[PDB]
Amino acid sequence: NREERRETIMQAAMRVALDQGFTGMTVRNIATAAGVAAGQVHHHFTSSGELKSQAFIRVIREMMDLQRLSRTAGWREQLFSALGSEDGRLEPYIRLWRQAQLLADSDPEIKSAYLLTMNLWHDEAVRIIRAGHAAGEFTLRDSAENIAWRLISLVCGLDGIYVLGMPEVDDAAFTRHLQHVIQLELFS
(Lines of atoms letter the chains of each structure in order from A and count residues from 1; the text may use other names and numbers.)
(Lines give C-alpha, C1' and ligand atoms only; values in the text may rest on other atoms or scores of the structure.)
Protein backbone atom coordinates (compact mmCIF):
# COMPACT_ATOMS: atom_id res chain seq x y z
CA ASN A 1 0.00 0.00 0.00
CA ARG A 2 1.20 3.52 -0.84
CA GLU A 3 1.88 4.76 2.67
CA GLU A 4 4.89 6.54 1.16
CA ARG A 5 2.92 9.79 0.89
CA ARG A 6 2.45 9.86 4.67
CA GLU A 7 6.14 9.08 5.17
CA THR A 8 7.04 11.79 2.65
CA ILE A 9 5.07 14.35 4.67
CA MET A 10 6.48 13.03 7.95
CA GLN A 11 10.06 13.25 6.69
CA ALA A 12 9.36 16.80 5.53
CA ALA A 13 8.18 17.61 9.06
CA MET A 14 11.31 16.02 10.54
CA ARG A 15 13.55 18.14 8.33
CA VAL A 16 11.60 21.34 9.02
CA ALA A 17 11.73 20.50 12.73
CA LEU A 18 15.52 20.13 12.73
CA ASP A 19 16.02 23.25 10.59
CA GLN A 20 13.44 25.74 11.90
CA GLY A 21 12.14 24.21 15.14
CA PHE A 22 8.53 23.99 16.26
CA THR A 23 7.90 27.57 15.11
CA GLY A 24 8.54 26.60 11.49
CA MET A 25 6.35 23.48 11.55
CA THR A 26 3.30 24.94 9.84
CA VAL A 27 1.11 23.05 7.39
CA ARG A 28 2.35 25.31 4.58
CA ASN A 29 6.05 24.86 5.36
CA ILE A 30 5.76 21.08 5.75
CA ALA A 31 3.64 20.79 2.60
CA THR A 32 6.25 22.78 0.65
CA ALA A 33 9.14 20.70 1.99
CA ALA A 34 7.19 17.56 1.04
CA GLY A 35 6.13 18.91 -2.36
CA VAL A 36 2.41 18.25 -1.84
CA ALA A 37 -0.77 20.27 -1.51
CA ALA A 38 -1.65 21.57 1.95
CA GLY A 39 -4.85 19.51 1.92
CA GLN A 40 -2.88 16.25 1.82
CA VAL A 41 -1.29 17.00 5.21
CA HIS A 42 -4.66 16.86 6.97
CA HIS A 43 -5.59 13.90 4.76
CA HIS A 44 -2.77 11.88 6.37
CA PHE A 45 -2.78 13.41 9.88
CA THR A 46 -5.60 14.27 12.27
CA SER A 47 -4.20 17.74 12.98
CA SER A 48 -1.00 19.77 12.94
CA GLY A 49 -0.57 19.04 16.64
CA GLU A 50 -0.47 15.31 15.92
CA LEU A 51 2.02 15.85 13.09
CA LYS A 52 4.30 18.09 15.17
CA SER A 53 4.12 15.59 18.04
CA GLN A 54 4.78 12.49 15.91
CA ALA A 55 7.48 14.24 13.87
CA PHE A 56 9.18 15.40 17.07
CA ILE A 57 9.23 11.82 18.36
CA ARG A 58 10.65 10.61 15.04
CA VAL A 59 13.47 13.17 15.34
CA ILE A 60 14.27 12.09 18.90
CA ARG A 61 14.35 8.46 17.77
CA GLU A 62 16.76 9.39 14.97
CA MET A 63 18.91 11.18 17.57
CA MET A 64 19.10 8.02 19.66
CA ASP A 65 19.95 6.02 16.54
CA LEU A 66 22.87 8.39 15.92
CA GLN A 67 24.00 8.02 19.53
CA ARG A 68 23.85 4.22 19.39
CA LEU A 69 25.87 3.88 16.18
CA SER A 70 28.84 5.11 18.21
CA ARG A 71 30.40 1.96 19.66
CA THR A 72 32.39 2.19 22.88
CA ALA A 73 34.87 -0.02 24.72
CA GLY A 74 32.92 -0.70 27.91
CA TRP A 75 29.58 -0.18 29.59
CA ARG A 76 30.90 2.85 31.48
CA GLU A 77 31.62 4.61 28.19
CA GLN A 78 28.31 3.51 26.64
CA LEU A 79 26.44 5.02 29.59
CA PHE A 80 28.31 8.32 29.27
CA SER A 81 27.49 8.35 25.55
CA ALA A 82 23.81 7.66 26.21
CA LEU A 83 23.66 10.48 28.79
CA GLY A 84 26.11 13.06 27.44
CA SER A 85 27.60 12.13 24.07
CA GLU A 86 29.89 14.82 22.69
CA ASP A 87 29.02 13.92 19.08
CA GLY A 88 28.39 17.19 17.25
CA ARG A 89 25.81 15.57 14.97
CA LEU A 90 23.40 15.50 17.94
CA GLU A 91 23.41 19.30 18.42
CA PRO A 92 20.40 20.01 16.14
CA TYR A 93 18.41 17.24 17.85
CA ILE A 94 19.28 18.46 21.35
CA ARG A 95 18.20 21.97 20.32
CA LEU A 96 14.75 20.71 19.30
CA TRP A 97 14.71 18.66 22.51
CA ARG A 98 15.23 21.80 24.61
CA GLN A 99 12.49 23.65 22.73
CA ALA A 100 10.03 20.84 23.44
CA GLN A 101 10.87 21.07 27.15
CA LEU A 102 9.93 24.76 27.16
CA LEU A 103 6.81 24.36 25.02
CA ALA A 104 5.71 21.48 27.27
CA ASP A 105 4.75 24.04 29.92
CA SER A 106 2.08 25.56 27.64
CA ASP A 107 1.31 22.81 25.09
CA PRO A 108 -0.19 19.57 26.47
CA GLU A 109 0.46 17.65 23.24
CA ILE A 110 4.16 18.55 23.23
CA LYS A 111 4.25 17.81 26.96
CA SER A 112 2.96 14.29 26.31
CA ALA A 113 5.50 13.77 23.52
CA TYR A 114 8.27 15.24 25.68
CA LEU A 115 7.33 12.92 28.55
CA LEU A 116 7.64 9.92 26.22
CA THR A 117 11.16 10.92 25.15
CA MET A 118 12.19 11.10 28.82
CA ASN A 119 10.91 7.54 29.25
CA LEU A 120 12.71 6.42 26.09
CA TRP A 121 15.86 8.06 27.45
CA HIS A 122 15.33 6.49 30.88
CA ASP A 123 14.77 3.05 29.33
CA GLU A 124 18.03 3.38 27.40
CA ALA A 125 19.99 4.23 30.55
CA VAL A 126 18.25 1.42 32.45
CA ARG A 127 19.22 -1.12 29.79
CA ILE A 128 22.87 -0.02 29.89
CA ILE A 129 23.05 -0.10 33.70
CA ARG A 130 21.48 -3.56 33.85
CA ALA A 131 23.90 -4.86 31.22
CA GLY A 132 26.97 -3.38 32.91
CA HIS A 133 25.78 -4.86 36.20
CA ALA A 134 25.43 -8.32 34.65
CA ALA A 135 28.89 -7.82 33.11
CA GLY A 136 30.36 -7.34 36.59
CA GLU A 137 31.48 -3.81 35.70
CA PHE A 138 28.78 -1.84 37.53
CA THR A 139 28.14 -2.14 41.25
CA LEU A 140 24.53 -1.40 42.18
CA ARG A 141 23.61 -0.08 45.62
CA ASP A 142 20.23 0.99 44.21
CA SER A 143 17.82 0.03 41.44
CA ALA A 144 18.83 0.79 37.86
CA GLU A 145 15.59 2.75 37.47
CA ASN A 146 16.45 5.00 40.43
CA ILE A 147 20.06 5.45 39.28
CA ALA A 148 18.92 6.34 35.77
CA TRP A 149 16.50 9.06 36.90
CA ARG A 150 19.21 10.73 38.99
CA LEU A 151 21.73 10.62 36.14
CA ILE A 152 19.15 12.03 33.72
CA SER A 153 18.21 14.67 36.29
CA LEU A 154 21.90 15.51 36.67
CA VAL A 155 22.25 15.97 32.90
CA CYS A 156 19.09 18.06 32.52
CA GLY A 157 19.86 20.35 35.46
CA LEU A 158 23.48 20.76 34.40
CA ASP A 159 22.36 21.51 30.83
CA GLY A 160 19.90 24.09 32.13
CA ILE A 161 22.82 25.88 33.77
CA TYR A 162 25.13 25.34 30.78
CA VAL A 163 22.74 27.11 28.39
CA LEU A 164 22.59 30.14 30.70
CA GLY A 165 26.24 31.07 30.14
CA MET A 166 28.06 29.86 33.25
CA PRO A 167 31.79 29.88 32.44
CA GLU A 168 32.25 27.52 35.40
CA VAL A 169 29.95 24.94 33.76
CA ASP A 170 31.15 24.50 30.17
CA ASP A 171 31.23 21.37 27.99
CA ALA A 172 34.44 20.30 29.74
CA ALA A 173 32.91 20.63 33.21
CA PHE A 174 29.76 18.88 32.00
CA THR A 175 31.83 15.86 30.95
CA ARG A 176 33.80 15.78 34.21
CA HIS A 177 30.61 16.05 36.28
CA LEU A 178 28.85 13.26 34.37
CA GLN A 179 31.90 10.99 34.62
CA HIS A 180 32.12 11.74 38.34
CA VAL A 181 28.52 10.78 39.14
CA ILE A 182 28.81 7.57 37.10
CA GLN A 183 31.82 6.74 39.29
CA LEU A 184 29.81 7.33 42.47
CA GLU A 185 26.59 5.57 41.42
CA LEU A 186 28.12 2.50 39.76
CA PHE A 187 31.72 2.10 40.99
CA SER A 188 31.43 2.15 44.79
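When you see a residue number, it is the position in the sequence shown, counting from 1.
The stretch 69-77 shows the higher mean C-alpha B-factor when 86-94 is compared against 69-77 in the entry. Look at the mean CA B-factor for 21-29 and for 175-183 in the entry; the higher one is 21-29.
Of the candidates 139, 119, 146, 47, the one whose C-alpha carries the top B factor in the deposited record is 47. Comparing the listed residues 150, 61, 133, 42, the entry records the largest Cα B-factor for 42.
The PDB entry assigns residue 112 a C-alpha temperature factor belonging to the middle third of its chain's modelled residues. In the PDB entry, residue 161 places in the middle third of its chain by CA B-factor.
In the deposited entry, the Cα temperature factor of residue 37 places it in the highest third of its chain's modelled residues.
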